[PDB]
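> I'd like to ask some things about the structure below.
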Amino acid sequence: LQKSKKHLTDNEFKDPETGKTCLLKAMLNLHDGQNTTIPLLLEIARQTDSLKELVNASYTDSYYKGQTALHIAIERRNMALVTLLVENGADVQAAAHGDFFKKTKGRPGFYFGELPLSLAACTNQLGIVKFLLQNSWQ
Amino acid sequence: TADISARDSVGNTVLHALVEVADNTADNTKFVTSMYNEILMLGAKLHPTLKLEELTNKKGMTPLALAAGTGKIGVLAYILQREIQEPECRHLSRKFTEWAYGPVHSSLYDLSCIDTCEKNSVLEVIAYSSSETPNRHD
């Protein structure tokens, strides 16, 4: 890809009608606190520009809408991972109001508050919520 | 070697025999429910391509429907809530997990022969039970 322009190239490669970029999918299919691609894809994104579109890439459908990579970071317990995302220009004011994050017993979604600060709070992640408020620039 | 398919004069395999021996006590339920796992592990470890619970006896009753009919509730609780967590013994898991976000998780129980098998479904064998089947109402 570094031989190519990468701009539309990877924006077309993400899964149709779901907005699943390489970083989001890397965190759902990780294991025991690592995938070995999540640093790597961010290494690709700091040499090849447009990292800010990658970390802040959220789903497109109205059923997973707004769930950035950071929501998956908090939830899956890897407190060291979420350090890298906020460092690497990831959004923390991301609003995930799809339909899995509303109040409906059809498709029984889990409502956490539509802010990653509230996901950690509702998840028994107190060391992480403390980190969300003393984290670097953002 | 011992043939794990323990067909006898009455037709009861080892799993059948382990249903017929139960008593719905705590010491016995704690025991027999465990033993199925290792017999099932070993049946999947030493003789694959033969799931052992579909086998029947002379009267034509699976160990599932033999526990449904003979009043074995803790035995039946195991075989229905069976959740084996290890590869190459996992197809025999009866209670799967289709997802788990935070505390929420969608258990994915199988309706193999609870309803609509060619004979002796668990609901039939409980509902269409005679009168003195112990624990019938529980």
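> Being in a loop (DSSP other than H, G, I, E, B), more than 14 Å from every other protein chain (Cβ to nearest Cβ) and not acidic (D, E) is the filter here, so list the residues in region B:92-121 that pass it. I'd like the intermediate steps shown before the answer.
Just the residues of region B:92-121 that are in a loop (DSSP other than H, G, I, E, B), to begin with: B:92-94, B:101-104, B:110-121.
Checking which are more than 14 Å from every other protein chain (Cβ to nearest Cβ) leaves us with B:92-94, B:110-121.
B:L92, B:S93, B:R94, B:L111, B:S112, B:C113, B:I114, B:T116, B:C117, B:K119, B:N120, B:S121, listed by residue number.
> Something else: Starting from region A:94-106, take each residue that is closer than 17 Å to A:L119 by Cβ and list its partners that are aliphatic (A, V, I, L, M), counting only C-beta distances under 7 angstrom and pairs at least six apart or across chains.
These pairs meet every condition: A:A94/A:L70.
> So if I check each of A:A120, A:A57, A:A96, A:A90, which one is farther than 23 Å from B:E98 by Cβ, buried (at least 18 other Cβ atoms within 10 Å of the Cβ) and within 13 Å of another protein chain (Cβ to nearest Cβ)?
On the way: A:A57 fails: within 13 Å of another protein chain (Cβ to nearest Cβ); A:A96 fails: farther than 23 Å from B:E98 by Cβ; A:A90 fails: within 13 Å of another protein chain (Cβ to nearest Cβ).
Going through A:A120, A:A57, A:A96, A:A90 in turn, the sole match is A:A120.
> Only one of (1) closer than 24 Å to A:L132 by Cα; (2) among the polar types (S, T, N, Q); (3) surrounded by 11 or more Cβ atoms within 10 Å (Cβ to Cβ) fails for A:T18. Which number is that?
So A:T18 meets the others, but not (1).
> Now a separate question. Are there any pairs, at least 6 apart or on different chains, whose C-beta atoms fall under 6 Å, with the first in region B:75-90 and closer than 18 Å to B:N28 by Cα and touching a residue at least 12 places away in the same chain (Cβ under 8 Å) and the second hydroxyl-bearing (S, T, Y) and buried (at least 17 other Cβ atoms within 10 Å of the Cβ), and if so, which?
Every condition considered, the pairs that remain are B:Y78/B:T33.
> What is the one condition in (1) under 20 Å from B:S106 (Cβ atoms); (2) assigned to a loop (DSSP other than H, G, I, E, B); (3) not aliphatic (A, V, I, L, M) that A:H71 does not satisfy?
So the condition that A:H71 fails would be (2).
> Just to check your reading of the model, which residue among A:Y64, A:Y111 is within 13 Å of chain B (Cβ to nearest Cβ), hydroxyl-bearing (S, T, Y) and under 15 Å from the mean Cα position of the chain (by Cα)? Steps first, answer last, please.
Details: A:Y111 fails: under 15 Å from the mean Cα position of the chain (by Cα).
Exactly one residue qualifies, and that residue is A:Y64.
Cβ: placed from backbone, ideal geometry, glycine included. Neighbour counts: every protein chain shown. The numbers here are math on the coordinates, done by the rules we state, and not lab data.
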